[PDB]
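Chemist: I'd like to ask some things about the structure below.
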Amino acid sequence: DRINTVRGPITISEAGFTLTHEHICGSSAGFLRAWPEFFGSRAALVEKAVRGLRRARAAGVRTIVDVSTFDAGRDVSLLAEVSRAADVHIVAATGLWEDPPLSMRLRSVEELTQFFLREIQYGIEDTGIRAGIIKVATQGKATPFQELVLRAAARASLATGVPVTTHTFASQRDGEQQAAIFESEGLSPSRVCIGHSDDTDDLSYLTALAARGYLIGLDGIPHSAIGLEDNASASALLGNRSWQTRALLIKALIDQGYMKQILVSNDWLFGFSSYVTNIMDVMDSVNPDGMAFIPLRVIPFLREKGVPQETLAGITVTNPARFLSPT
Amino acid sequence: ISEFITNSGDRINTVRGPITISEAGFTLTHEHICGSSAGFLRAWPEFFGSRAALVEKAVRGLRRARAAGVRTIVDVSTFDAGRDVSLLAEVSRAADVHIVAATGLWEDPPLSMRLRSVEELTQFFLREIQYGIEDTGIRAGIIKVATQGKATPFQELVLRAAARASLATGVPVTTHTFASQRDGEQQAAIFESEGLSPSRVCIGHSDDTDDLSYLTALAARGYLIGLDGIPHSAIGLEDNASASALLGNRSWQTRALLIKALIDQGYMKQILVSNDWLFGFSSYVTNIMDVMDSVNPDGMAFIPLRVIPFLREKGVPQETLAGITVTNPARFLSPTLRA
Ligand SMILES: CC1CC(O)(O)CC(O)(O)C1
Ligand SMILES: [Zn+2]
Ligand SMILES: [Zn+2]
Ligand SMILES: [Zn+2]
Ligand SMILES: [Zn+2]
């Protein structure tokens, strides 16, 4: 019936148009509190995120899923503040991303399961805010620790019904190994979104996963360093494929019959400290629409390609609701 | 005369505010309340039982050290070692033991630090010394840095940023070494290329090595020698591989006799001693704090209760031991003039 957000539980019908892979701030544990001047100030970051989320709201977005984990610097009090002041629901995440500190990397699968369950069932830190999704990551073949995280995420999902969403190196087909580990724990593919799947052009990789029941996260549509070819760091992070190429993978999976399993997002942020210093300004300079890019640019592009309204509403409303509802 | 006056004079920053140099007293220069990771104590306090259990454990431990004569500890936990200065302030008030907090970076920096330039790191260290840590207003009184063998390129940047922050603020620098790889020599070279005075640098974990020529060469150059892990020993724990790997096979007596050896060779003024103890420990294996507590129940009181009597009956005068534990830290922690 209910999805946990940073403002409390909401009914499934209240989620509406939902972006399923977003960030208020991509950082590191403790960093925003220790060095807020990196972002100008905490107050400036709040103002920027509220302005950006209000723009997405005006474009039709009603909910975002912030898939920042502990080690990506999730500050759930920031999420709550920005959610309240933009009147946009925010679902918070547990799990671990690609930068776990020693106090996490030394933990057993049983210990990690307890930590994920704490954030889902009890709350994050001392805030009482409960996570509504579990985030995990690989970058190619899983490290031994990442195998533990994937298993703990599966166990936490089985205990609570909250879904699992993943970071992949899509061009190394990471979703296949993630799926194998999840299924070895008894997790239903319908509880799993294989993310960053628009980073690859290998449609056969994506359709094979979708034919097994997985959700496919086409979540980085505006990420492109076209026009930034003299910028090595932006090119390495954003890639040289266009947003149109990424968006046409949405149409391709629709055309192949998988509209009920597509999840679309921007993978945008309003602050970004875990990469080179200038990256947030560079990213903003090529996508000023920010999180409004999906509703303002991708939807009109697909509609004029012939995707009907019912299909676009199915992808942006029905699929996230089915995914997020604890099952 | 001025050794006796506590109601006025120059001051050092603690988690409870500024104190005069004379108030510092018996000072342990390398300790931890909790060895963790950034944000970890707040995200998963049940790892330590509870935050309140950790507080009570630390307060009892500090009171034990205080009854043994300790008046001040330097908590050399950085941001990435999970320093929680609000925890430090709470336990300092409850135990009435002064705590100096640290800036710098240790061996587990996150991406948001690893990607930063020397200039950016300099600004972060200056923020924590000149403005305060997080939103607490508590100012760091020492800069902590680390190598584990030959420095990585990032570790070099950290050492240079530490030196620049030290010159700009007057606060001293203290280091983590892999002592058997002679890390202090490369650290010294980098520090000296930045113009930092050796008398403002403690080369830490120096009791992990038996190579006296390495230590006396650094002390002869004016460096402070941190003999800071005296009770760390896995003797009796040989079937415990994780405890053996962390604590080593050398006895506390062997470590303590390095203190006497440096005294005997004329380097008393260059020695700093400590326990490198903690009351919570999450950045290693799960059982490690209970294991460590089982072989050193005295905790931070090990230096006053065990090392001082051992050295005294070996003929080290009381006044020499008081110079090492009171005067030497006072000179180290007292800020010098800014550049
Ligand atoms: C925090 C984000 C930054 C990014 O560049 O969008 C990649 C990511 O893996 O989604 C994590
Ligand atoms: Zn990702
Ligand atoms: Zn992301
Ligand atoms: Zn150390
Ligand atoms: Zn230490």
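Along the chain as shown, residues are numbered 1 onward.
Each Cβ is built from the backbone N, Cα and C atoms, and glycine gets one as well.
Positions annotated as Zn(2+) 1 binding site by Swiss-Prot: A:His21, A:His23, A:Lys135, A:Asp267. Taken from Swiss-Prot, the feature Zn(2+) 2 binding site covers A:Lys135, A:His167, A:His196, and the record attributes it to experimental evidence. The feature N6-carboxylysine is assigned by Swiss-Prot to A:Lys135, with experimental evidence given as support.
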Chemist: Would you mind listing, in sequence order, the residues at least six apart from A:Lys135 (Zn(2+) 1 binding site) in the same chain with a Cβ closer than 8 Å to its Cβ?
Modeler: A:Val67, A:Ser68, A:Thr69, A:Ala93, A:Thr94, A:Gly95, A:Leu96, A:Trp97, A:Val164, A:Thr165, A:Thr166, A:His167
Chemist: List, in sequence order, the residues of the same chain other than A:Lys135, A:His167, A:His196 whose Cβ lies within 8 Å of the centroid of the Cβ atoms of the recorded Zn(2+) 2 site.
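Modeler: Apart from the listed residues, the neighbours are A:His21, A:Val67, A:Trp97, A:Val136, A:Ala137, A:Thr165, A:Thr166, A:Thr168, A:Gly195, A:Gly217.
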Chemist: Sort A:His21 (Zn(2+) 1 binding site) into helix, strand or coil using the DSSP assignment.
Modeler: strand
Chemist: Give the residue from the binding-site residues A:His167, A:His196 that has the most other Cβ atoms within 10 Å of its Cβ, counting over every protein chain displayed.
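Modeler: Going through A:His167, A:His196 one by one, the largest Cβ count within 10 Å is at A:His167.
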Chemist: Quick test of your reading of the structure: among the binding-site residues A:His21, A:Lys135, A:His196, whose CB sits under 6 A from ligand 1?
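Modeler: Within range of ligand 1: none.
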Chemist: Given the binding-site residues A:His21, A:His23, A:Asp267, tell me which ones have a C-alpha lying within 10 Å of the C-alpha of A:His196 (Zn(2+) 2 binding site).
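Modeler: A:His21, A:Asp267, listed in sequence order.
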Chemist: Near ligand 2, meaning Cβ under 6 Å from any of its atoms: which of the binding-site residues A:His21, A:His23, A:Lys135, A:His167, A:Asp267 fit that description?
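Modeler: Among the binding-site residues listed, those whose Cβ sits under 6 Å from ligand 2 are A:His167.
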Chemist: Specify all same-chain residues, apart from the site residues A:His21, A:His23, A:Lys135, A:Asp267, whose Cβ lies within 8 angstroms of the center of the Cβ atoms of the Zn(2+) 1 site, ordered by sequence.
Modeler: A:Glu22, A:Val65, A:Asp66, A:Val67, A:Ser68, A:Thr165, A:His167, A:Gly195, A:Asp219, A:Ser265
Chemist: Please report the three-state DSSP label of A:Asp267 (Zn(2+) 1 binding site).
Modeler: coil
